[PDB]
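Just so you know, these numbers use all the heavy atoms, side chains as well, and skip hydrogens, waters and symmetry mates. Residue numbers begin at 1 in each chain, while the letters A, B, ... track the order of the sequences.
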Protein chains: 2
Amino acid sequence: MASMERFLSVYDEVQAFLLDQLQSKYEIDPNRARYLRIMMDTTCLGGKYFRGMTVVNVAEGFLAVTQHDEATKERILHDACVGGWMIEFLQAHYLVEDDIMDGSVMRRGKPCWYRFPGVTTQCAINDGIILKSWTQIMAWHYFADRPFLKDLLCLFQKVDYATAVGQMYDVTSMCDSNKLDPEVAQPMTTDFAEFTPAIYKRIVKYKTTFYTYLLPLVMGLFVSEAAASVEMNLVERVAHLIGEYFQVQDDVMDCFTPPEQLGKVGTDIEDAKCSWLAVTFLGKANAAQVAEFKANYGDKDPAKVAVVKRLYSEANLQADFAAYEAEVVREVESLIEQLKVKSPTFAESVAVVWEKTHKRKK
Amino acid sequence: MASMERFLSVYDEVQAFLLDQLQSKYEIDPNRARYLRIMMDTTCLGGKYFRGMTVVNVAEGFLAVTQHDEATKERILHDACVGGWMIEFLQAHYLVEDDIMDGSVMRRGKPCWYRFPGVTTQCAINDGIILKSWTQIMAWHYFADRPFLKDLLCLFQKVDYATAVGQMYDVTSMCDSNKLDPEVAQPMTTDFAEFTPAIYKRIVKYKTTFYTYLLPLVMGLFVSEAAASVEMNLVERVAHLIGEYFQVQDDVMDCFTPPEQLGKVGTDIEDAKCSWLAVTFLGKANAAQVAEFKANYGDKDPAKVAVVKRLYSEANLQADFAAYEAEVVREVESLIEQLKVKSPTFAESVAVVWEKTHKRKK
Ligand SMILES: CC/C=C/c1ccc[n+](CC(P(=O)(O)O)P(=O)(O)O)c1
Ligand SMILES: CC/C=C/c1ccc[n+](CC(P(=O)(O)O)P(=O)(O)O)c1
Ligand SMILES: C=C(C)CCOP(=O)(O)OP(=O)(O)O
Ligand SMILES: C=C(C)CCOP(=O)(O)OP(=O)(O)O
Ligand SMILES: [Mg+2]
Ligand SMILES: [Mg+2]
Ligand SMILES: [Mg+2]
Ligand SMILES: [Mg+2]
Ligand SMILES: [Mg+2]
Ligand SMILES: [Mg+2]
């Protein structure tokens with residue numbers, strides 16, 4: 001796709017800027033420049049670019065309807081690409097650190113970054129820090145003189161914090177809340193009392209929705225100077241709804257989509273995660289199913305994991321998923337109808353966003 | 001000390017703000033609030049508060065000589081405390097992640113954060129991310145309306161990036177540059193060709209000087225609206241000089257100061273670090289000393305580490321350290337004399353900063 005290739009051409013610019021600046025201001029040597037170029041490529045490319053391409057689509061929408069000089073159109077488009085890369089680099093940071101946290105093996109069809117033989121956990125941790133740092137370098141360099149600079153930095157910062165809090169909800173979702181204690185080694189829950197749709201919703205709201213949907217949508221609005229032309233409460237409702245759905249699919253694919261197709265190897269069962277599948281299963285199983293789940297969940301043993309997967313297949317969670325999906329379509333369409341009132345162009349971008357999400361197979 | 005106790009009283013405010021906001025906007029539950037309060041306390045308290053108390057001292061200096069209403073004096077002092085905590089939280093972030101990277105056992109006289117039984121590497125990584133996030137929450141909340149806000153955020157961001165780059169220089173200092181390669185597992189250097197004072201200086205300049213000295217000094221200037229009243233080139237020279245000296249002491253103590261006194265257990269020998277001791281040693285040893293160093297450095301075996309420590313004692317590095325110290329005193333005094341030209345009060349703060357650094361035994 002041509003537009004994708006163009007968003008990609010701005011990656012090339014941003015990379016050249018970052019690496020040149022390392023040479024000229026940070027005393028980097030050539031082989032460390034090469035290392036960081038490879039690290040940027042592996043952690044920032046290969047994904048679907050949904051978050052990045054959402055910023056661009058939001059801005060393209062407003063450009064079709066807004067009068068500007070050509071030079072202004074070019075500036076806005078370039079701004080939207082740079083903001084999109086800020087979010088892809090933030091994603092790259094999150095993915096580096098999450099793969100370590102989750103004990104993951106594959107990412108975008110390659111070894112996780114920390115599994116590269118020449119990298120290891122020790123360096124990946126810091127490479128993840130550098131990725132985040134680059135988002136700010138990029139923002140201050142490109143947007144220094146833009147009116148939306150303070151708004152963008154302030155939003156970016158809140159969104160990052162929400163995600164970090166969400167990650168803490170996730171990484172501790174298999175422990176009992178009353179037992180959390182830095183001094184005491186953490187046993188896994190035996191009762192699964194906290195595997196509920198409300199608790200699940202809390203995980204997912206913070207860890208994914210803000211950075212995957214709120215952030216790109218609003219950044220599209222910032223670089224378009226169009227924020228005031230939308231109902232923000234609606235922007236937040238729609239971001240959190242499509243965001244949750246997006247995470248539910250991720251959870252389902254972790255279990256049932258082949259690594260060949262997904263580009264990653266699942267760990268949610270093994271990691272004892274509060275996934276949608278585990279929650280929806282406890283939502284419907286009988287006493288004996290519950291017990292066999294309890295004896296097998298959250299263990300790396302392939303035979304225990306297979307037992308969990310059979311239980312999932314037997315419980316017909318495909319039926320629950322259809323019904324959940326049908327409900328989201330209802331609410332997202334409602335939200336999109338409500339957005340046209342003030343912002344038809346934005347509502348349309350949100351439609352496109354939803355369509356792309358709804359259809360994804362990875 | 002009373003002033004310390006007062007800087008400390010602003011920690012209490014900042015903590016209450018952060019935890020209340022987690023409850024009211026982030027849907028946190030009480031036991032996770034407790035966990036993060038304990039995490040903030042363990043990772044942010046117990047240090048010497050040098051960086052934090054430098055912001056306060058810089059501002060107190062300008063207040064003694066500048067006319068203000070009392071209300072303004074109180075605002076400036078409070079601003080200096082908050083900026084100081086932003087840097088202590090940044091330090092706490094760096095320390096959490098560094099202890100993981102370095103395989104360290106003790107920090108401020110307690111187990112490293114990731115060694116707490118109830119924490120582990122998996123959670124500490126994210127706790128370190130939250131610490132950094134909190135610096136921005138704190139900045140945007142407290143300084144939203146201040147004229148120095150953009151300057152402070154932009155400086156903070158550049159300083160953080162420099163430190164992250166510096167950390168990459170450190171963590172790869174025991175490998176040959178020409179051999180760095182994400183695809184290939186990294187062998188330790190055999191020739192130690194890159195253990196040179198120039199390369200050492202590069203490590204230390206980036207990993208420590210910006211965040212430990214440039215940042216607090218300039219933040220004191222920002223919250224004092226006094227930046228324009230100094231020669232910034234001199235501020236940078238003095239920060240980088242005292243900063244390097246500060247790191248040299250850290251390196252010496254890692255080897256020779258008892259854990260009981262230091263509050264940490266050294267790993268530089270075991271980690272094959274490019275420390276000042278390793279560099280100054282190669283700076284003077286004879287052929288046979290060089291060989292015995294090479295056969296023992298960068299191995300966790302207590303007998304190999306002891307061999308390295310004997311070689312250090314025999315080479316009389318205490319003599320090199322005295323001579324290095326004497327030279328820094330010369331240059332720092334020169335820089336302080338040069339600061340009085342435009343900024344006597346600032347020169348004095350820098351004198352106090354130097355005196356505290358020069359005298360430290362931990
Ligand atoms: C590091 C802060 C946030 C990370 C973050 C937030 C949201 C999602 N993810 C990563 C996914 P996956 O590993 O790609 O399947 P998850 O592990 O959640 O299933 C990672
Ligand atoms: C994580 C980014 C920077 C970390 C950073 C920078 C500078 C210094 N440190 C930490 C010290 P130590 O572990 O306290 O002795 P080092 O390990 O360098 O001897 C840590
Ligand atoms: C589920 C989440 C939030 C992490 C993976 O996100 P994506 O599936 O969008 O990953 P890439 O396209 O960037 O690979
Ligand atoms: C050497 C460096 C830069 C890390 C430790 O810094 P400090 O020795 O200042 O640690 P605390 O006082 O914060 O414990
Ligand atoms: Mg994961
Ligand atoms: Mg995860
Ligand atoms: Mg997943
Ligand atoms: Mg260390
Ligand atoms: Mg270190
Ligand atoms: Mg040290």
Side-chain angles (χ1 to χ4, degrees), chain A residues 97-105 114 120-122 124-125 164-196 199 202-203 207 267-275 278 293-301 304-305 308, chain B residues 19 22 28-46 92-93 95-131 259 263-265 267 300:
Chain A
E97 310 288 3
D98 181 80
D99 287 335
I100 302 161
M101 290 184 245
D102 293 346
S104 286
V105 163
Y114 79 100
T120 74
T121 300
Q122 191 183 61
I125 290 172
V165 175
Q167 187 71 345
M168 164 188 62
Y169 293 155
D170 177 284
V171 109
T172 65
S173 66
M174 68 300 308
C175 301
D176 298 339
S177 291
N178 58 305
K179 298 285 235 312
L180 301 166
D181 187 355
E183 304 291 346
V184 181
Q186 296 287 290
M188 207 191 0
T189 190
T190 59
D191 73 15
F192 295 85
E194 293 170 61
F195 281 47
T196 72
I199 287 167
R202 191 188 56 172
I203 300 165
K207 86 166 173 178
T267 55
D268 289 350
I269 284 164
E270 292 96 333
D271 284 5
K273 293 293 173 49
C274 192
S275 79
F293 175 94
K294 299 172 159 187
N296 292 287
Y297 201 63
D299 177 58
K300 285 176 107 199
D301 170 37
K304 295 208 203 333
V305 178
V308 177
Chain B
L19 288 177
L22 276 169
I28 203 152
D29 54 281
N31 294 275
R32 285 177 180 85
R34 190 180 156 275
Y35 173 102
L36 286 176
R37 164 183 72 65
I38 299 182
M39 186 271 286
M40 198 192 302
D41 288 352
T42 309
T43 64
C44 294
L45 315 177
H93 155 87
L95 264 27
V96 167
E97 310 288 3
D98 181 80
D99 287 335
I100 302 161
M101 290 184 245
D102 293 346
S104 286
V105 163
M106 180 177 67
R107 180 111 247 169
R108 337 226 251 218
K110 293 174 177 178
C112 301
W113 180 247
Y114 79 100
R115 314 250 309 173
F116 272 57
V119 176
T120 74
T121 300
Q122 191 183 61
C123 304
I125 290 172
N126 201 61
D127 293 340
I129 296 181
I130 285 166
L131 286 157
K264 47 191 188 188
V265 178
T267 55
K300 285 176 107 199

How far apart are the C-alpha atoms of A:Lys304 and A:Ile269, what are their side-chain angles, what is the distance that settles it, and do they pass the side chain to side chain contact (heavy atoms under 4.5 Å, CB included) test?
-> CA-CA 9 Å; A:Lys304 295 208 203 333; A:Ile269 284 164; over 6 Å; no

With sequence neighbours excluded, tell me which residues meet side chain to side chain contact (heavy atoms under 4.5 Å, CB included) with [X].
X	result
A:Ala278	A:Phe195, A:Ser275, A:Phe293, A:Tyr297, A:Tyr312
B:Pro117	A:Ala185
B:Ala124	B:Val96, B:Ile100, B:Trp113, B:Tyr114, B:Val119

side-chain hydrogen bond (donor to acceptor under 3.5 Å, both in side chains) partners of [X], counting only residues at least two apart:
X	value
B:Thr267	B:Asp271
A:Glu194	A:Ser177
A:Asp191	A:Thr189

Show the nearest heavy-atom pair for residues [X] and [Y], with the distance to one decimal.
X	Y	result
A:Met101	B:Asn126	SD-CB, 3.9 Å
A:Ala164	B:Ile129	CB-CG2, 4.0 Å
A:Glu97	A:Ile125	OE2-O, 2.7 Å
B:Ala33	B:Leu19	O-CD2, 3.8 Å
A:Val165	B:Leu22	CG2-CD2, 4.1 Å

Quick one: pull up OG1 in A:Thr190 and CG in A:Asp176 and give me the separation to the nearest 0.5 Å.
->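 Spacing of OG1 (A:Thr190) from CG (A:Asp176) equals 6.5 Å.
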
Report the C-alpha distance between B:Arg115 and B:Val105 in whole Å, list the side-chain angles of each, state the deciding distance to 0.1 Å, and finish with yes or no for side chain to side chain contact (heavy atoms under 4.5 Å, CB included).
-> CA-CA 7 Å; B:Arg115 314 250 309 173; B:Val105 163; 4.0 Å; yes

Is there a side-chain contact between [X] and [Y] (heavy atoms, below 4.5 Å)?
X	Y	result
B:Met106	B:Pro259	yes
A:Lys179	B:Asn31	no
B:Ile130	B:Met40	no
A:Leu180	A:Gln186	yes
B:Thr43	B:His93	no

Where at least one partner belongs to residues 101-111 of chain B, residue pairs that pass salt bridge (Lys or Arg N to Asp or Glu O under 4.0 Å), sequence neighbours excluded |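 Qualifying pairs: B:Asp99-B:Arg107, B:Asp102-B:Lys273.
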
Mind checking what makes salt bridge (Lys or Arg N to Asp or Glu O under 4.0 Å) contact with A:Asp299, not counting sequence neighbours?
->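 In terms of salt bridge (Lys or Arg N to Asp or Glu O under 4.0 Å), with neighbours along the sequence ignored, A:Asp299 is linked to no residue.
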
Side-chain donor-acceptor distances from residues 167-175 of chain A under 3.5 Å, at least two apart:
from, atom 1, to, atom 2, distance (Å)
A:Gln167, NE2, A:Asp98, OD1, 3.1
A:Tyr169, OH, B:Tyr26, O, 2.6
A:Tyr169, OH, B:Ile28, N, 3.3
A:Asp170, OD2, A:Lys207, NZ, 2.6
A:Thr172, OG1, A:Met168, O, 2.8
A:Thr172, OG1, A:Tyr169, O, 3.4
A:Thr172, OG1, B:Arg32, NE, 3.0
A:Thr172, OG1, B:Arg32, NH2, 2.9
A:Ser173, OG, A:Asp170, O, 2.8
A:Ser173, OG, A:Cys274, N, 3.3

